[PDB]
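> Below you'll find work-v9.cif; it's mmCIF, C-alpha atoms.
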```cif
data_final
loop_
_atom_site.label_atom_id
_atom_site.label_comp_id
_atom_site.auth_asym_id
_atom_site.auth_seq_id
_atom_site.Cartn_x
_atom_site.Cartn_y
_atom_site.Cartn_z
CA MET A 1 -88.42 -53.10 94.91
CA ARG A 2 -88.70 -53.78 98.63
CA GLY A 3 -89.85 -50.79 100.68
CA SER A 4 -92.73 -48.49 101.54
CA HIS A 5 -93.63 -46.65 98.33
CA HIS A 6 -96.00 -43.76 97.64
CA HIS A 7 -98.21 -44.06 94.55
CA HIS A 8 -100.07 -41.19 92.88
CA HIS A 9 -99.10 -41.28 89.21
CA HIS A 10 -95.77 -39.58 89.99
CA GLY A 11 -93.90 -41.32 87.20
CA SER A 12 -90.20 -40.42 87.19
CA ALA A 13 -89.29 -38.98 90.59
CA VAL A 14 -88.48 -35.26 90.43
CA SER A 15 -88.58 -32.44 92.98
CA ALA A 16 -88.39 -28.67 93.48
CA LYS A 17 -85.54 -26.98 91.62
CA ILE A 18 -84.05 -24.36 93.95
CA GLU A 19 -81.23 -22.04 92.86
CA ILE A 20 -79.39 -19.19 94.56
CA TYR A 21 -76.64 -17.03 93.06
CA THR A 22 -74.16 -15.67 95.63
CA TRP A 23 -70.88 -14.20 96.59
CA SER A 24 -69.66 -16.46 99.39
CA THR A 25 -68.81 -13.56 101.69
CA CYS A 26 -71.80 -11.30 100.95
CA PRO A 27 -73.71 -10.84 104.22
CA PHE A 28 -77.07 -10.79 102.42
CA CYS A 29 -76.18 -13.97 100.54
CA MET A 30 -75.12 -15.56 103.83
CA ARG A 31 -78.45 -14.64 105.44
CA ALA A 32 -80.43 -16.15 102.54
CA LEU A 33 -78.31 -19.31 102.59
CA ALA A 34 -78.94 -19.74 106.30
CA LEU A 35 -82.70 -19.65 105.72
CA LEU A 36 -82.58 -22.29 102.97
CA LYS A 37 -80.31 -24.41 105.13
CA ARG A 38 -82.66 -24.14 108.12
CA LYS A 39 -85.54 -25.34 105.92
CA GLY A 40 -83.50 -28.46 105.20
CA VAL A 41 -84.33 -28.44 101.48
CA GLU A 42 -81.96 -29.58 98.74
CA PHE A 43 -80.67 -26.66 96.68
CA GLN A 44 -77.99 -25.52 94.26
CA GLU A 45 -75.75 -22.54 95.04
CA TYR A 46 -74.06 -20.71 92.16
CA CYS A 47 -71.13 -19.12 93.92
CA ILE A 48 -69.95 -16.52 91.43
CA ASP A 49 -67.16 -14.80 93.37
CA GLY A 50 -65.21 -12.63 90.93
CA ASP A 51 -66.96 -14.17 87.91
CA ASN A 52 -68.37 -11.40 85.70
CA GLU A 53 -69.63 -13.74 82.99
CA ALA A 54 -71.73 -15.65 85.50
CA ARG A 55 -73.13 -12.37 86.83
CA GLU A 56 -74.29 -11.44 83.35
CA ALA A 57 -75.97 -14.83 83.01
CA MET A 58 -77.67 -14.16 86.32
CA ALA A 59 -78.80 -10.68 85.25
CA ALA A 60 -80.37 -12.13 82.10
CA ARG A 61 -82.71 -14.22 84.27
CA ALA A 62 -83.14 -11.82 87.20
CA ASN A 63 -84.86 -8.95 85.37
CA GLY A 64 -81.49 -7.37 84.58
CA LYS A 65 -80.63 -7.14 88.28
CA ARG A 66 -77.01 -7.64 89.32
CA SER A 67 -77.59 -7.36 93.08
CA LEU A 68 -76.98 -10.45 95.21
CA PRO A 69 -78.30 -12.90 96.07
CA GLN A 70 -80.83 -13.88 93.42
CA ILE A 71 -83.12 -16.83 94.11
CA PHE A 72 -85.18 -18.98 91.73
CA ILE A 73 -87.65 -21.73 92.61
CA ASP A 74 -88.91 -23.97 89.80
CA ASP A 75 -87.48 -21.50 87.27
CA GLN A 76 -89.44 -18.60 88.76
CA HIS A 77 -87.46 -15.58 89.92
CA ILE A 78 -88.27 -15.09 93.61
CA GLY A 79 -85.90 -12.19 94.21
CA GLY A 80 -83.32 -11.52 96.90
CA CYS A 81 -82.70 -12.05 100.59
CA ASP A 82 -85.38 -9.59 101.69
CA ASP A 83 -87.89 -11.17 99.29
CA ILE A 84 -87.39 -14.68 100.64
CA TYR A 85 -87.52 -13.58 104.28
CA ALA A 86 -90.67 -11.56 103.49
CA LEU A 87 -92.27 -14.63 101.91
CA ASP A 88 -91.43 -16.74 104.98
CA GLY A 89 -92.80 -14.10 107.34
CA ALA A 90 -96.09 -14.20 105.42
CA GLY A 91 -96.23 -17.99 105.49
CA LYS A 92 -95.75 -18.14 101.73
CA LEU A 93 -92.29 -19.71 101.43
CA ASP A 94 -93.01 -23.23 102.63
CA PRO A 95 -95.69 -23.74 99.92
CA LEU A 96 -93.12 -22.76 97.25
CA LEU A 97 -90.60 -25.36 98.51
CA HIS A 98 -93.15 -26.92 98.26
CA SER A 99 -93.94 -27.56 101.95
#
```
How does this structure look as structure tokens?

Amino acid sequence: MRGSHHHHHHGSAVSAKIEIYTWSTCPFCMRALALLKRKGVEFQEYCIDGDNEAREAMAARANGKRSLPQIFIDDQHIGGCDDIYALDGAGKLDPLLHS
């Protein structure tokens, strides 16, 4: 296992689980995506263009909300575009990512 390895009882390597539900052409979704992209983190986008079933799945997790986008970090609902930009403005988003 040649290389420079960090040890601190990590066990199986796992990282932050970051999810965002979008319509590809929604300007608020686009703005949220840009922020996540600028952070350089790895994330999963659920592009649900025209998919009503997926929207209902989203609503079930997002406090019944059907507005877009909806963002989750480590299974916690963070909210929408304004919520994530607000967090960043307060210096609270990097810790969630989690740095």
> CA of residue 33 in chain A to CA of residue 18 in chain A: how many Å, to one decimal?
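Distance between the two atoms: 11.5 Å.
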> Show which residues sit within 12 Å of range 83-88 of chain A, as an MDAnalysis selection string. Count all atoms listed in the file, and ignore same-chain residues fewer than 2 positions away.
chainID A and resid 20 28:29 31:36 38:39 68:73 77:81 90:97 99
> Considering all atoms listed in the file, can you say which of A:65, A:9, A:55, A:17 comes closest to residue 43 in chain A?
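That would be A:17, the residue with the smallest distance to residue 43 in chain A.
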> Go ahead and compute the interatomic distance for CA of residue 27 in chain A and CA of residue 60 in chain A, in Å to one decimal.
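For CA of residue 27 in chain A relative to CA of residue 60 in chain A, the distance reads 23.1 Å.
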> Smallest atom-to-atom distance to residue 98 in chain A: which of A:22, A:42, A:47, A:52, using only C-alpha atoms?
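Smallest separation from residue 98 in chain A among the options: A:42.
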> To test the calculation: enclose all listed atoms of range 71-86 of chain A in a box whose edges run along x, y and z, add 4 Å on each side, then state centre and edge lengths in Å to one decimal, as lines of an AutoDock Vina configuration file.

```
center_x = -86.7
center_y = -16.8
center_z = 95.8
size_x = 16.0
size_y = 22.4
size_z = 25.0
```
> Quote the spacing between CA of residue 62 in chain A and CA of residue 76 in chain A in Å to one decimal place.
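Rounded to one decimal, the two atoms are 9.4 Å apart.
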> Which residue gives the smallest distance to residue 74 in chain A among A:19, A:50, A:89, A:12, with all atoms listed in the file counted?
A:19
> Here is a test: counting all atoms listed in the file, which residue of A:21, A:11, A:6, A:16 is nearest to residue 57 in chain A?
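With all atoms listed in the file as the atom set, the closest residue is A:21.
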> Ranking A:24, A:40, A:53, A:8 by minimum distance to residue 66 in chain A and counting only C-alpha atoms, which one comes first?
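Closest residue, counting only C-alpha atoms: A:53.
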